[PDB]
Amino acid sequence: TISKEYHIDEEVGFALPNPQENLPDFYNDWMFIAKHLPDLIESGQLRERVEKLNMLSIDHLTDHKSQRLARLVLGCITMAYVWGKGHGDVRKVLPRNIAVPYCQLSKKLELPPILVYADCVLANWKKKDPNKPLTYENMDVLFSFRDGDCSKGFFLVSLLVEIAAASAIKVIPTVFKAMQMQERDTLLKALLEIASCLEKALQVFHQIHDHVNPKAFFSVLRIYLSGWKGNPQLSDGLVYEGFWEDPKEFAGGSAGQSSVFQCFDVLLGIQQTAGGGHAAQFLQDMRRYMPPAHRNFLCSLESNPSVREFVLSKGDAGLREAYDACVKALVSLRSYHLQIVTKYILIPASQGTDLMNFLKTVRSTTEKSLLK
Amino acid sequence: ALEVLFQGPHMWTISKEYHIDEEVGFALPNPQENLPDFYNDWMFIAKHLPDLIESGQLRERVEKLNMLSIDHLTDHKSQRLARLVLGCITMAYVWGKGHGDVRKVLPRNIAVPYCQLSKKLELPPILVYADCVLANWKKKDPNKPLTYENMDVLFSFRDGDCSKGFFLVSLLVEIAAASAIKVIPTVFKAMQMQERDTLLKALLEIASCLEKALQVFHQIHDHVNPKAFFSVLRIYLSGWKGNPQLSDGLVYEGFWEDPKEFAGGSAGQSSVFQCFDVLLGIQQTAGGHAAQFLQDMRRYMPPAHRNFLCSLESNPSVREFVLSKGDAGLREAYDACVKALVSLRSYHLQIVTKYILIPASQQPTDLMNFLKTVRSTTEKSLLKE
Ligand code: HEM
Ligand code: HEM
Ligand SMILES: O[C@@H](c1cn(-c2ccc3[nH]ccc3c2)nn1)c1c(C2CC2)sc2cncn12
Ligand SMILES: O[C@@H](c1cn(-c2ccc3[nH]ccc3c2)nn1)c1c(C2CC2)sc2cncn12
């Protein structure tokens with residue numbers, strides 16, 4: 001089994017298991033702002049409340065779960081401060097009373113000082129009833145940006161698909177041990193088990209229609225997910241007052257920072273990060289925005305022999321069929337995702353085109369990996 | 001690799017799966033000089049680039065080739081030689097005499113097998129540091145040692161291009177630095193086991209290897225001349241990523257639809273220098289252009305060597321360990337490694353002034369800033385000035 005040092009959970013996988021809901025009393029001033037973003041943004045009192053804060057030390061965040069909650073809290077406040085109401089007026093400087101401890105905590109956790117997928121998706125959740133299962137009805141997010149932003153639906157549906165895909169992670173050690181031991185039948189059962197997990201993850205995906213609406217996603221949520229890397233609104237980046245002299249550019253929160261999807265492309269030999277193209281460059285850059293243990297996990301998978309090369313080298317139709325079942329399940333997920341992105345991004349934009357090409361290039365690379 | 005999946009990142013030994021040699025390190029040990037007779041048509045062109053470019057017959061000889069299958073390259077060394085052969089021909093075809101006329105399309109009879117072999121080896125279809133430096137060499141006498149006098153390159157671009165000097169001197173510095181690679185497992189085991197004296201001897205041994213590598217560097221003056229390097233060799237090292245001569249990249253006829261952009265051969269693709277920055281916690285790859293360039297150049301390294309660098313990043317921080325000890329001796333040994341890197345990079349800046357900066361001014365920079373930023377990042381990693 002996968003070492004504890006990789007921080008992969010048996011149940012939720014790359015998601016943070018049982019995230020912390022509240023910070024120690026020393027940080028109640030941060031917690032008040034973060035828990036009241038919809039009202040403080042709408043009223044215009046948010047930027048003032050941030051500017052009125054006293055610079056706190058990160059020294060009172062003892063455990064990893066408190067450090068991860070503080071990252072989500074500070075990250076949500078930073079996005080809200082920079083974008084405000086999201087109708088034009090951008091703040092180009094992050095005050096030192098928040099930027100200093102944000103960059104300090106970010107340096108400790110080896111993550112950039114910007115809200116990432118690991119903050120608003122992997123750590124932004126809770127069970128309503130701990131005795132009930134991990135289903136949409138029994139879950140909620142810790143923070144939202146605005147009322148009606150569909151943040152709960154967007155984040156929880158991504159999280160539920162992450163957990164659905166995570167069921168195949170435990171099969172990875174079996175795949176590599178079966179190749180080493182030359183256990184052909186074991187590798188076939190293992191590849192077929194991974195395919196069924198990825199097929200089950202596509203069924204989970206269907207919930208996106210019931211908890212997100214195109215208008216709220218396109219006109220509201222999108223604003224707060226935006227970063228400052230190649231953005232004309234902050235052409236040189238953001239100033240992290242009292243930490244850096246020059247403004248630093250960081251990419252916004254992306255599902256391209258999800259370790260589960262990157263790990264199945266690595267596992268199946270789908271060279272998503274190879275080729276020198278924009279899609280490959282983006283996905284490689286997004287690894288720097290993943291928790292360090294999860295970034296280490298992906299590299300360890302790349303250090304292991306190629307499952308695709310092994311299957312190609314065997315002249316075994318059954319083994320090729322099992323390998324192709326995994327690849328087909330990934331093409332199916334990415335093809336369904338493209339239809340969702342057409343409904344939620346492409347069509348609302350007409351009532352953008354680059355995101356379609358990025359997803360189509362990623363999907364095409366997966367399709368071209370089929371042995372047949 | 002399976003053990004690291006079950007017990008976590010731990011580099012107690014350098015596995016053979018990383019393709020690092022005990023003697024030449026990241027360089028390809030004993031590279032193949034000749035391809036099977038099936039590829040003599042490629043070999044003729046590659047071995048005669050100076051004469052074929054100068055005569056004007058080169059582009060014609062490439063266009064006259066029949067598309068050969070990569071199926072007759074069985075071993076890894078033949079595949080690496082074919083990459084160097086095809087890569088050298090591609091650079092010569094694209095640039096020609098290098099005085100204006102560029103070819104924006106690579107013919108399919110060469111581009112198809114080049115991209116096929118490149119896809120197998122997980123490297124881009126452009127000449128990389130691993131081709132013209134790590135695989136472009138041979139021992140004149142196998143019984144004599146790895147010294148400049150007993151070595152030669154397999155391919156050159158033009159007569160008097162100083163390719164032998166530029167490539168072999170880079171290679172000899174690579175091998176000099178490689179002697180410290182075997183000390184890496186000792187460093188990680190000493191930190192795990194809390195063996196303070198062992199870690200001190202290990203850090204001092206790495207420093208002496210990096211100090212010996214600066215002495216090796218001095219040979220650059222005797223085998224390279226500024227005029228030949230600036231007016232000739234530079235042309236053939238140029239790539240097609242952000243180049244105004246091939247603004248959209250190169251067309252790899254019969255392999256890709258759109259023209260693909262790839263960066264030219266760079267010493268920023270050297271795994272030995274990147275691995276000592278990773279080992280010493282010099283965050284060379286951590287938002288600026290210099291950091292982005294060095295991270296991108298990892299995609300141009302052999303896959304096993306790219307995996308080696310990420311495995312080093314997965315292991316605990318030697319810098320954090322040394323900082324946390326309040327031990328002047330351990331800090332002095334750590335600083336000896338960092339100082340040896342600052343010394344190398346400072347001597348290199350003087351070489352780049354002599355070979356690039358001054359020749360550029362004697363005619364009717366961004367690379368200076370890149371090197372200065374890399375050197376500054378190394379200097380700022382010193383615990384005590
Ligand atoms: C409202 C529905 C959704 C929309 C509009 C949407 C949109 C997008 C966009 C625009 C990208 C491109 C990267 C970027 O610009 O950040 C992307 C990438 C991606 N999305 Fe979604 N997404 C949706 C739902 C989901 C869900 C539920 C998941 C499940 C985890 C998911 C997983 C991914 C993955 C893994 C990528 C990276 C590329 C790939 O591996 O195919 N998406 N998505
Ligand atoms: C004729 C002498 C030399 C010149 C003019 C020269 C020039 C350059 C240039 C222009 C770069 C910037 C990157 C690029 O544009 O691709 C560079 C980087 C570099 N060069 Fe050289 N070089 C010389 C000799 C050497 C030798 C002998 C080595 C030994 C291995 C070496 C090692 C490096 C390294 C490691 C880098 C990456 C940046 C760094 O880590 O400091 N150079 N060089
Ligand atoms: O990649 C993120 C994203 C950016 N945009 C976006 C970016 C640019 C845009 N332009 C016009 C619409 C639009 C939407 N949507 N989603 C994302 C998530 C974030 C929590 C981190 S969760 C998820 C699942 N599939 C994608 N994502
Ligand atoms: O990075 C490569 C390079 C580019 N240029 C260059 C780049 C821009 C220029 N502008 C005017 C002259 C000129 C030369 N020199 N060297 C390089 C090597 C390549 C074989 C792989 S070997 C080596 C050691 N130090 C650097 N290098």
Side-chain angles (χ1 to χ4, degrees), chain A residues 273-274 299-300 302-303, chain B residues 1 9 11 13-15 18-21 23-29 31 76-77 80 83-84 87 118 121-124 126-137 146 167-185 187-188 206 209-210 213 216-217 263-286 290-298 300-306 308-315 318 337 340-341 344-345 348 371 374 377-378:
Chain A
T273 50
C299 145
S300 303
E302 293 179 323
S303 287
Chain B
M11 204 165 256
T13 190
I14 303 159
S15 80
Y18 289 118
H19 294 63
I20 304 175
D21 194 67
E23 181 187 27
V24 302
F26 288 110
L28 180 75
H76 169 74
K77 292 200 185 176
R80 285 288 299 274
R83 248 200 75 82
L84 171 57
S118 291
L121 294 179
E122 304 187 44
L123 286 160
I126 194 171
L127 198 63
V128 303
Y129 181 86
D131 307 314
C132 53
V133 172
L134 311 178
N136 195 20
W137 67 276
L146 278 173
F167 301 154
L168 296 183
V169 169
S170 287
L171 182 67
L172 289 163
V173 167
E174 259 267 351
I175 298 163
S179 43
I181 297 169
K182 60 177 158 273
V183 180
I184 293 172
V187 167
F188 287 125
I206 288 167
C209 287
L210 306 176
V216 166
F217 211 124
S266 181
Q269 297 160 354
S270 164
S271 299
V272 75
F273 289 92
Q274 286 216 33
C275 100
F276 282 119
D277 289 327
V278 169
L279 183 68
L280 305 167
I282 303 157
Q283 280 155 250
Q284 294 283 9
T285 53
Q292 184 66 48
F293 177 69
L294 295 172
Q295 183 67 223
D296 293 355
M297 294 303 104
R298 297 193 182 180
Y300 294 76
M301 297 176 183
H305 304 173
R306 202 188 311 126
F308 182 73
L309 294 185
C310 77
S311 300
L312 284 186
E313 293 179 324
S314 291
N315 278 83
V318 181
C337 294
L341 277 176
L344 274 161
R345 295 190 158 116
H348 181 262
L371 294 173
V374 165
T377 304
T378 313

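Order of the sequence lines sets the chain letters (A, B, ...), proteins ahead of strands, with each chain counted from 1. Quick note: numbers below take in every heavy atom, side chains included, and nothing from hydrogens, waters or symmetry partners.
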Check your understanding: Any side-chain donor paired with an acceptor under 3.5 Å for B:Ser311 and B:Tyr18?
Key -> yes

Point to revise | side-chain contact (heavy atoms from CB on, under 4.5 Å) involving B:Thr377 - partner list, sequence neighbours excluded | key: B:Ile282, B:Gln284, B:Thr373

Check your understanding: Does B:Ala135 have any side-chain contact (heavy atoms from CB on, under 4.5 Å) partners at least two apart in sequence or in another chain, and if so, which?
Key -> B:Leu28, B:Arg80

May I ask you to test the [X]-[Y] pair for a side-chain heavy-atom distance under 4.5 Å?
X	Y	answer
B:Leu146	B:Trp137	yes
B:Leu171	B:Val24	no
B:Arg306	B:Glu122	yes
B:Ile184	B:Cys275	yes
B:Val133	B:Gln269	no
B:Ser271	B:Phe308	no
B:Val318	B:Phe188	yes
B:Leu84	B:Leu127	yes

Exercise for review: Take B:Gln283 and B:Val278 through the side chain to side chain contact (heavy atoms under 4.5 Å, CB included) test and state the conclusion after the steps.
Suggested key: CA-CA 7 Å; B:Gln283 280 155 250; B:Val278 169; over 6 Å; no

Exercise for review: Output, in order, the C-alpha distance, side-chain angles, deciding distance and verdict of side chain to side chain contact (heavy atoms under 4.5 Å, CB included) for B:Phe273 and B:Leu341.
Suggested key: CA-CA 9 Å; B:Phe273 289 92; B:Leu341 277 176; 4.3 Å; yes

Point to revise | Residues which pass side-chain hydrogen bond (donor to acceptor under 3.5 Å, both in side chains) with B:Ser170, listed by chain and number, not counting sequence neighbours | key: none

To the nearest 0.5 Å, how far apart are [atom1] in [X] and [atom2] in [Y]?
X	Y	atom1	atom2	answer
B:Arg83	B:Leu123	CZ	CG	4.5 Å
A:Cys299	B:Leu312	SG	CG	9.0 Å
B:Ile20	B:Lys182	CD1	NZ	11.5 Å
B:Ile126	B:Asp131	CD1	CG	10.0 Å

Exercise for review: Among residues two or more places apart or on two chains, list those pairs meeting salt bridge (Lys or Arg N to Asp or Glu O under 4.0 Å) that have a residue in residues 263-273 of chain B.
Suggested key: none

Exercise for review: Among residues two or more places apart or on two chains, list those pairs meeting salt bridge (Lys or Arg N to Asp or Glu O under 4.0 Å) that have a residue in residues 270-286 of chain B.
Suggested key: B:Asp277-B:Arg345

Exercise for review: Begin with the C-alpha distance, continue with both residues' side-chain angles, and end with the deciding distance and a verdict on side chain to side chain contact (heavy atoms under 4.5 Å, CB included) for B:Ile175 and B:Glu23.
Suggested key: CA-CA 7 Å; B:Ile175 298 163; B:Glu23 181 187 27; 5.5 Å; no

Practice item. Would you please test B:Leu279 and B:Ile206 for side chain to side chain contact (heavy atoms under 4.5 Å, CB included) and show each step? Key: CA-CA 11 Å; B:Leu279 183 68; B:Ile206 288 167; 3.7 Å; yes

Point to revise | B:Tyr129 side-chain N/O to B:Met301 backbone N/O, donor-acceptor pair under 3.5 Å | key: no

Check your understanding: B:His305 side chain to B:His19 main-chain N or O, any donor-acceptor pair under 3.5 Å?
Key -> yes

**Study point:** The single option from B:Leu210, B:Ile181, B:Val173 passing side chain to side chain contact (heavy atoms under 4.5 Å, CB included) against B:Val272
**Key:** B:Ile181

Practice item. Give the minimum heavy-atom separation between B:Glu174 and B:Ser270, together with the two atoms involved. Key: OE2-OG, 2.6 Å

Exercise for review: Check B:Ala177 against B:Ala213 and note the closest heavy-atom contact, atom names and distance.
Suggested key: N-CB, 4.1 Å

